[PDB]
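Below is one structure, written out as C-alpha cells; the observations come after it.
Neighbour counts run over all protein chains shown; Cβ positions are idealised from the backbone, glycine included. Nothing in this text is a laboratory measurement; each read-out follows from the coordinates by a stated rule.
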Ligand SMILES: Nc1ncnc2c1ncn2[C@@H]1O[C@H](COP(=O)(O)OP(=O)(O)OP(=O)(O)O)[C@@H](O)[C@H]1O
Ligand SMILES: [Mg+2]
C-alpha cells in the first residue's frame, strides 16, 4: 500500500489488509501520514486496472465542522475526492452517532472488499469514539471500569479492526486496509485505550512532537514504529535498498550522544554520524508531496551507498530536486523500468550507480 | 525595582556554580550580592519592621554596599545600621515616613548616610 | 503555511524553532560540561538561541504597571525582518541584555548603545 | 525566649548542617565526595558526625544494643554539639560518635579504638 | 641580536626556531599535529600576598 | 664496547634510541663538532644548524632546531632538540621567503616583537645553505 | 511523589547516564592520544637526565614550588590528592612561595595559603601540552618570577602507575648554581665562555616541566 | 556483642566506599572486618548447626582473627575449624552444650585455642 512517504514505504511498509496504527500525541503529524496516503493514490485510481486501484474512506469522529470542511477542501484541490468517502461525525452530534460512525464506514469499505477490490479506511480517531461510547455506557448506568470505560470497550475495537483483512482467491481476493488513529496523553502508550488498540493492530507509526520540532517531518520515530508484516508487503525495488537502511539508522540512534562531543571521536563511529545526519535528512519530506517508488529507490540507493557523505548536510534538500529532474531527462528509461518491473536487476544496479556517481561528480 | 528579578538570577547562578567550576567577575559579583540579599530578607518572628526601616536596608542591598561585608555580619549589621539612623540621620527617616516617596534631595542625604556608615567600624 | 504567510516568513519561522530546540537539547551539556565543550557551530547557535529567546519578550501597554516599560506594538512586516537579520548573525556583537524586553529591532541597537554609556 | 539564645543558635546550626548534607545526597550517590567542594566536603563529614552523635543507648533497649543505657542531661548536650560545631573534634573518627552517651565518652571511645588498630 | 641580553630564556630561543622551522616546510606535508603544536591559549596572572591579582595577560 | 649509542629524541617524536653510529656532525656554540666511536665526554649547547648521522651505508642528514649534546663517558652521545627536518623534500624555498621577508618588516614593527625577528633571520639564512 | 514527577525525574537521570556513559568511551580515546605525548616526553627526558646520572649534580645545604594540574573537573580525586601532597611539603617550609598551574588547583591551596600564590596559569587541561607551550610558561618563571635566584626548586605532578591508580610525584630542578658544585663535573669538557650552566637551567626547567604535564 | 548494629552501620560505610574513593584507616578497618563477618553469616541449605558449633564462629569474627584470613578461605576455614575442636578441644564443646554459658575461665581457654589455630 504505497503511502508515498519515504520514511514509511522504506521503513514501515503497509499491506492491503493490514492494520497499521497511527499513534501519537496531539499535533504530531498523524493525519498527515494518512492524508498523504490518500493523495498518493492518484497514481493508480485514474488508471484502467481495478486490482491496482484503492478507494479511500475517511471517518471523521469528534472533529469540528470547520475541520472537516477544510479536510474535504484539501482533497479537492488535489483531485482526490474522486475516490474518497467522507463519513463526518462532528462533535456537536449526539454520542451514538460518534459510536456508529466507524462501523457505518466499515461496511461501506467492506463492499469493495467483498466484490473483489481494494479499500483503505482511516479511523481518525478511535480515541474520540471510546469517549463517546463511555458517555452512553455511564449514562445507562452500566458498570464502570478502568478510567470509566465499560468492559466491552475492547470488544468494541476488536470487533471493528478484525473486519479489515485480505480475502483469499476463492472469496474474491478483495481486501480492506485499516489505519486507526490514537491520541496519547504525553507519550503515555500505557493508558487503557491505547493498550487495547496497540494490542489489536499489526504495527504502529508512533509520532513524537519533539522529533517534529527538530525539523524531522513527518516525525516518525523509527525506533518505535514497527510493522509485523514488513517486507511481505513492500516493493522489491525498494526492499533491495531498504534492508540496509534500517541497520545504519539503528546504529545511529546508539551513537547519537557522541555527536555532541568534540572531534575526539574515532573515525569508525564518526562514519556512522556522517550517514545518519544525511539519511535522517533525506526522510524529511514536505507535506502534500508524495513520491512514487520510481523516485524513492534512486534517493535511497544514493543514500545507503554513501554518495551524499561528500555533500554538505545543508544542501541535502535541493539535492533531491535537482537529482530527480536529472534522471527524468537523461535516465528516464531506468526509472520506467523500475516502475514496471518493480525489481532491480544486476544491470540496473550498475546503471543506477553509474548515473548517480555521474551527477554527484558534476555537482 | 528588579530585585525580584535579581533574586531569580541568583538562583540561576547558584545552581550553575554547583558544577564546581571557577566563576568570572560577573557571575561571582551577582553571586556575592544575591547571597547577601537572601540573608537580609531573613527576619525574626514577632518582629514587624516599619516602612522607614525597610527602605534603608533594601537600599544598601540592591546597590552593593553589603558586598564588602561578611555573611555572618549581615545579621548585626541590620540592627546597628538602624540604631545609627535613629540617633544621627533621623530626619531622613521622618521624611520617608510622611512623604512615602524619595525626592532628588532625600536620595542625596540617604546616599551619604549609607556610605558614611560603611566607613565606620 | 508557506502558501499563507509567505515563503520567506515560513523559513525564518522554522529556523527560529530549530534553533530554540537544539538549545534545549544541549541543556544537559551546558550544565554538565560547560559552554566550552560545545563545538564552534554549537556555541555560535547557542548564543543566538539565547538572544532570540529573550527577543521574543515584549512589553505590553496593559502590564506597564508590572514592567515599568511603555508598551510596544511591533508590526509583522518588521518582526520577520528582525529575526531574519539575527538568524544571519548580523548582530552577534550586540549583548543579550539588549534583546530582553524590546519591541522593534531598531530598539535593540538603540538599547545596546544606551547601555554602553 | 525559653530554651535560651545559645540553645536556639546551636540547634539551628545542627539543622542547617544536616540539611546541607541532605541537599547534596543526590550528588553523592552519582559522583561522590571527590566532586564536592572543599567547603561542602567538610560540612558532610561534620554533618555525618552530628547524625551519628544523635544516637543514644537506651536502658530499655539494652537487650538489643548490648550496651548499657546512657542518660544525658540537657545542659551537657547543648555544650556537646556546640563544641562539635566549633570544629574541636574534627580529628576524632566518626565511629566514635556512634551509640555514644556523654561527650566525654566520645573521646574515651576514640582512645579505645587506637589500641584495637592492628 | 643578543638573546640572553634583551631577548628571552634559552627555552624561548629554541622555541622561535621550532615554529619557524615547522612553518618553513611544505603546506601539504604539514599534519594537523603540527598546527595545534604551535597553538596555545593560556593566560598568566600574578597574585599578591593577600589573594590580590594583576591584570590578566597572554603567555 | 664497540661503537657509540646515539639517542636522538624530540618532545613529539623519538628517532634514534640506543642505536650504534659511526659518526655524527652537529653544530655547537663553540663551533662545529664531530664524534666517533670513542670520544671524550663533552657537554656543549647545540645551535640552530644541521646534523648528520653517518652510517657504513649512505648517511642521512636532518636539520635541527637546537638544544644540548652530551657524550657520556661510556661512549654514548645524547641529542636533545625540539623540532626536526628531513633532507630537502620537506622544506620549500617559496614557503621560506614568504616569512623571511616578513621578518625584516618585524624590525620595522614594535621592538617587543622585533626582538624575536632578529633570531629568525639567522635560522632562516641557514635554511638557504641547506639547499646546497 | 506523583506519576508525573517520577516520570520527569526518571527521564532526566537516564539522560545523565547517556552523558556519562559516552564520556567514558571518549575518555579512552584521549587516553591513547596522551600516550604518544607521554612516551615521547619520557624517552626524551631520559636523554637529558642521563647526563645528571653519570655526573652527580645533587643539591647541598626561599624556595619555588610548582604544581601541575588541570582546570576541568569530573576527574575524581586529582585536585585533592595533589593539594594534599603540596600541603605536607608546605608545613616544613611555609616561607617557600608557590606557583600553581591551574585555576582549579589554585582555589585548593588559595584557601590554606593565599599568600604563597603569586602566579597562576589557565587553559592547559584542554589538549596535550607541547614544548612550544611548556618552554613559554617556564619563560615567565624566569622573567617575572626570577627562578634563577631560588636555591632549590621543586615540581609536583601526577605519575600514572596504572589505569586504575595514580601516584603524586615530585622532582627537584637543579639550578645553574647547583651545576658547578656538582661533585662529578670535571670529567666533562666545557668552556666557561658560553654560559653553559646558565643556559642549561633555562632549558632543563622547560623540559622537566613538559614531561610533568604531558 | 553489638554485632547487629555494627552490620547496620557496615552497609552504610560499605556502600559509601564502593565508589572507589580512598578512605582513612578508621573506615577502612571497619570495612575489612565487616566483609569477613558478612561471609561468615553465609550458610548452605539443609545444613543446620548446633548452638555449640555457632558460638565459636561468632567469637572469632568480632575479635578479628578472621581479618588476617583471606576472603576466599573463610568457607573452608569454618569446616576446618570445627574439626579442630572435635579432634582437640572437645571439652569446650561439651561445656557450652550443657551449661549454655561461657564462664570467665572457659572464655580464656577458648581464646588461647583459637589464637593458636589462626597462627597455623
Ligand atoms: N509532513 C509535514 N510537513 C510539513 N508540515 C507538516 C507535516 N505534517 C504535519 N505538518 C503540520 O502539522 C500541523 C497539523 O498536524 P497534523 O494534523 O498532522 O497532526 P494531527 O495528528 O492531526 O494532530 P491533531 O490530533 O491535533 O489533529 C499543520 O500545521 C502542518 O503545518
Ligand atoms: Mg487529525
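Conditions tested, residue by residue: (1) more than 8 Å from chain E (Cβ to nearest Cβ); (2) closer than 30 Å to residue G:52 by Cα.
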{"residue": "F:52", "(1), (2)": "yes, yes"}
{"residue": "F:78", "(1), (2)": "yes, yes"}
{"residue": "F:88", "(1), (2)": "yes, no"}
{"residue": "F:101", "(1), (2)": "yes, no"}
{"residue": "F:124", "(1), (2)": "no, no"}
Anything in the range A:21-42 that is surrounded by 19 or more Cβ atoms within 10 Å (Cβ to Cβ) and away from ligand 2 (no atom under 16 Å from the Cβ)? List them, or say none. A:40, A:41
The range G:75-87, subset surrounded by fewer than 21 Cβ atoms within 10 Å (Cβ to Cβ) and either within 14 Å of chain F (Cβ to nearest Cβ) or touching a strand residue (DSSP E or B) at 6+ places or on another chain (Cβ under 9 Å) (or both), residue nearest to residue E:19 (Cα to Cα): G:78
Selected residue (criterion: farthest from the other protein chains (Cβ to nearest Cβ)) from residues of the range A:108-130 that are more than 15 Å from ligand 2 (Cβ to nearest atom), assigned to a helix (DSSP H, G or I) and over 19 Å from residue A:38 (Cα atoms): A:114
Is the range A:40-52 home to any residue that is near ligand 1 (Cβ under 10 Å from one of its atoms) and in contact with a strand residue (DSSP E or B) (Cβ under 7 Å, 6 or more places away or on another chain)? no
For residues in the range A:115-125 being surrounded by 15 or more Cβ atoms within 10 Å (Cβ to Cβ) and more than 20 Å from residue A:30 (Cβ to Cβ), which is farthest from ligand 1 (Cβ to nearest atom)? A:116
Residue check: is residue G:13 over 21 Å from the mean Cα position of the chain (by Cα), part of a helix (DSSP H, G or I) and more than 14 Å from chain F (Cβ to nearest Cβ)? yes
Does at least one position in the range G:53-63 carry a residue that is under 19 Å from residue G:161 (Cα atoms) and more than 10 Å from chain F (Cβ to nearest Cβ)? no
Step by step: first the residues of the range A:23-39, then only those that are assigned to a loop (DSSP other than H, G, I, E, B) and more than 11 Å from the chain's Cα centre (by Cα), then the one that is farthest from ligand 1 (Cβ to nearest atom). Which residue is that? A:25
Among the residues of the range E:23-35, is there at least one that is facing chain G (nearest Cβ under 8 Å), in contact with a strand residue (DSSP E or B) (Cβ under 9 Å, 6 or more places away or on another chain) and surrounded by 20 or more Cβ atoms within 10 Å (Cβ to Cβ)? no
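Table: residues versus (1) part of a strand (DSSP E or B); (2) more than 28 Å from residue G:39 (Cα to Cα).
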residue	(1), (2)
F:20	yes, no
F:34	yes, yes
F:48	no, no
F:56	no, yes
How many residues of the range F:122-132 are in a helix (DSSP H, G or I) and out of contact with any helix residue (DSSP H, G or I) (no Cβ under 6 Å at 6 or more places or on another chain)? The answer is 6
Checking residue A:128 against (1) away from ligand 1 (no atom under 16 Å from the Cβ); (2) surrounded by 13 or more Cβ atoms within 10 Å (Cβ to Cβ); (3) on the phi < 0 side of the Ramachandran plot, the condition it does not meet: (1)
Can you find, within the range A:187-210, the residue that is farthest from the chain's Cα centre (by Cα) among those that are under 22 Å from residue A:154 (Cα atoms), within 14 Å of another protein chain (Cβ to nearest Cβ) and within 16 Å of ligand 1 (Cβ to nearest atom)? A:191
Has the range G:49-63 got any residue that is under 17 Å from the mean Cα position of the chain (by Cα) and outside any helix (DSSP H, G or I)? yes
Heads up, the strands (runs of 3 or more DSSP E) in the range G:88-185 (entirely inside) with at least 2 residues that are in contact with a strand residue (DSSP E or B) (Cβ under 6 Å, 6 or more places away or on another chain), within 14 Å of chain E (Cβ to nearest Cβ) and buried (at least 20 other Cβ atoms within 10 Å of the Cβ) are G:119-122
Part of a helix (DSSP H, G or I), away from chain G (no Cβ under 14 Å), within 16 Å of ligand 2 (Cβ to nearest atom) and out of contact with any helix residue (DSSP H, G or I) (no Cβ under 6 Å at 6 or more places or on another chain) - does that describe any residue in the range A:86-101? yes
Would you please list the contacts, defined by Cβ atoms under 6 Å and residues six or more apart or on different chains, that run from a residue in the range A:352-363 that is closer than 18 Å to residue A:294 by Cα to a residue that is part of a loop (DSSP other than H, G, I, E, B)? A:355/A:331; A:356/A:307
So the check is Cβ under 6 Å with 6+ separation or different chains; which pairs have a first residue in the range A:169-186 that's within 14 Å of chain G (Cβ to nearest Cβ) and a second one that's part of a loop (DSSP other than H, G, I, E, B) and within 16 Å of ligand 2 (Cβ to nearest atom)? A:184/A:25
Name the residues in the range H:1-27 that are in a loop (DSSP other than H, G, I, E, B) and within 18 Å of residue D:25 (Cα to Cα), would you? H:15, H:16, H:17, H:18, H:19, H:20, H:21
Every listed condition ((1) facing chain G (nearest Cβ under 10 Å); (2) outside any loop (DSSP other than H, G, I, E, B)) holds for residue F:63 save (1)
Are any residues in the range F:66-76 within 14 Å of chain E (Cβ to nearest Cβ), part of a strand (DSSP E or B) and touching a helix residue (DSSP H, G or I) at 6+ places or on another chain (Cβ under 9 Å), and if so, which ones? F:67, F:68
Test: residue H:40 is surrounded by 17 or more Cβ atoms within 10 Å (Cβ to Cβ) and within 12 Å of the chain's Cα centre (by Cα): yes
Every listed condition ((1) away from chain C (no Cβ under 14 Å); (2) over 30 Å from residue A:337 (Cβ atoms); (3) assigned to a helix (DSSP H, G or I)) holds for residue A:246 save (2)
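Matching residues to (1) over 30 Å from residue G:15 (Cα atoms); (2) more than 9 Å from every other protein chain (Cβ to nearest Cβ); (3) surrounded by 18 or more Cβ atoms within 10 Å (Cβ to Cβ):
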| residue | (1), (2), (3) |
| --- | --- |
| D:23 | no, yes, no |
| D:35 | no, no, yes |
| D:41 | no, no, no |
| D:49 | yes, yes, yes |
| D:58 | yes, yes, no |
| D:66 | yes, no, no |
| D:70 | yes, yes, no |
| D:98 | yes, no, yes |
Just for the range A:270-313: of the residues that are touching a helix residue (DSSP H, G or I) at 6+ places or on another chain (Cβ under 7 Å), away from ligand 2 (no atom under 16 Å from the Cβ) and within 14 Å of chain C (Cβ to nearest Cβ), which one is farthest from residue A:29 (Cα to Cα)? A:273
For the range A:53-66, give me the residue count where each residue is surrounded by 19 or more Cβ atoms within 10 Å (Cβ to Cβ) and away from ligand 1 (no atom under 16 Å from the Cβ). 4
